[PDB]
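This document opens with one chain alone, in structure tokens, the form deposited in one PDB entry.
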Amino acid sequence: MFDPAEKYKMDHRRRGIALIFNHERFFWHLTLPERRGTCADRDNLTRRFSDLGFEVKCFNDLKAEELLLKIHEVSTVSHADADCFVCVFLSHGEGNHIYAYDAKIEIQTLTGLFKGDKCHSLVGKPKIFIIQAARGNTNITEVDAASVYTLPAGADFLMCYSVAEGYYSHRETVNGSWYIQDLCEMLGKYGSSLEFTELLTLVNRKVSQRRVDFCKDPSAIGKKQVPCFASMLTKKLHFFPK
């Protein structure tokens, strides 16, 4: 019968892989600014997801061909013994695209690799994409206009965005991104007990409550950040200790 509280089965041998694509600088021809603070984000995420049982693999400043090769490689190995899959992008972006070192990649191309017909062993399992990407312009706060569309994907995907249309993404050059900081704080405290979209909702509250009435940089005043997640999940998702 229909169960209103059904949860994803998370009792496989492994939690699964968490991929992190970390982009700090870009080929000069793209004329994009460096992303100081992103290495703090990478380390923060690595610790949180490792603690949740994930096998975390980080890749710094891959070219687009290299990045596509790597994510395709992961999409074609067996996830039969895994609970789920996580993929994080830390970069600049525009519209449907995220930047690699030398060129843009379409988000739909990346998510498409993990759809049922392409990745059988993840069918019915959570596929979670976390995207910290917006428009490229001592602890300094950099402020970027939202630019990356809050795109959906297939069944059992969860697409998590640092910022919604009309708002602004913030990154501290020492402490890291507002969104990743608050995400990681919540993961550390509640990741192993709370339902994951409930947790992302806490992240929405934390980030949107950060004040922008008195910035060190006067030009940043009033540039609020509101994250968003787009859920195509079909069950409750927990990361209880394995």
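Quick note: we count residues from 1 along the sequence shown, nothing fancier.
The following text describes the form solved in complex with a partner chain, which does not appear among the structures shown.
- Within 4.5 Å of the partner chain in the deposited complex, a heavy atom is found for all three of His72, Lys104 and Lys118.
- For the chain shown alone, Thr141 is not a contact residue for the partner chain in the deposited complex, no non-hydrogen atom being within 4.5 angstroms.
- Under a 4.5 angstroms non-hydrogen atom cutoff, the partner chain in the deposited complex has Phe27 among its neighbouring residues.
- The partner chain is not drawn, but in the deposited complex it has no heavy atom within 4.5 Å of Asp43.
- Among residues of the shown chain, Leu113 is one whose heavy atoms approach the partner chain to within 4.5 Å in the deposited complex.
- Proximity to the partner chain in the deposited complex, taken as a non-hydrogen atom within 4.5 angstroms, holds for one residue of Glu65, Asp51, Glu55, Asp61, which is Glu65.
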